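In structure tokens, the next block holds one chain alone, the form deposited in one PDB entry.
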């Protein structure tokens, strides 16, 4: 849950969530073009304020002033809503990070083989996020985290954790400022997309290097050639 692709146009993602009347996001036809989004970079993050959807470049990571380790990048759904650290973000800082799919590395001895994981039905993914409002300040230490859940079904062959992916409908409800943390916990349970909805394949080891951002990084490869 530490790398993903966000490569298509804003409309390609937003059209599944809300029409223009609900948005406060300028039209922009350029593909985002990032096939290898990494922690510590700013990522276009979707949230609701002033009864409209906003898209802000937000630091992927969370390190308050009292935190001494590298920034956290994930928050476990099992505990985030009641965590002393994450409860306020669960209440007030919910957001959505849309993506084409995400990457996980499978341990194969002393080597690690990357896989790209995506929806079999060809929709983008809407990953549940929590973070530090106001997002538009562009903070470089207190940004957002991707909420995670336990891997299910065949994904356990790759890694024991996965992002919490919500249906489009659930993603829209998750962002609403009017709903409580308890209601958000219900949405996170009812809207989670199960592992049987995902497909995956090995990809090139080149995704390990964040200099690489091109479309080839999500193409299937033979492991024997790596």
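Superpose the two forms; the largest set of C-alphas matching within 1.5 Å is the rigid core. Numbering follows the first chain given and starts at 1. Only residues modelled in both forms are compared.
Keep in mind that the form deposited in another entry is not shown, yet the notes after this line are about it.
Please look at 108, 152, 140, 78 and say which one has a C-alpha shift reaching 2 Å or more between the shown form and the other one, core superposed. Shifted by 2 Å or more: 108 only.
After the core is overlaid between the shown form and the other one, has the C-alpha of residue 22 moved by 2 angstroms or more? Residue 22 C-alpha, core-superposed: shift of 2 Å or more.
Look at the CA atoms of residue 21 and residue 58: state whether they lie closer or farther apart in the other form than in this form, given a difference of 3 Å or more. Residue 21 and residue 58 sit closer together in the other form.
Pair residue 23/residue 176, Cα separation in the other form versus the displayed form, closer or farther by 3 angstroms or more: So the answer is farther.
Considering only residues modelled in both forms, extract each run of at least three consecutive residues whose CA displacement is 2 Å or more throughout between the shown form and the other one after core superposition, in sequence order. Runs found: 18-24, 108-111, listed by sequence.
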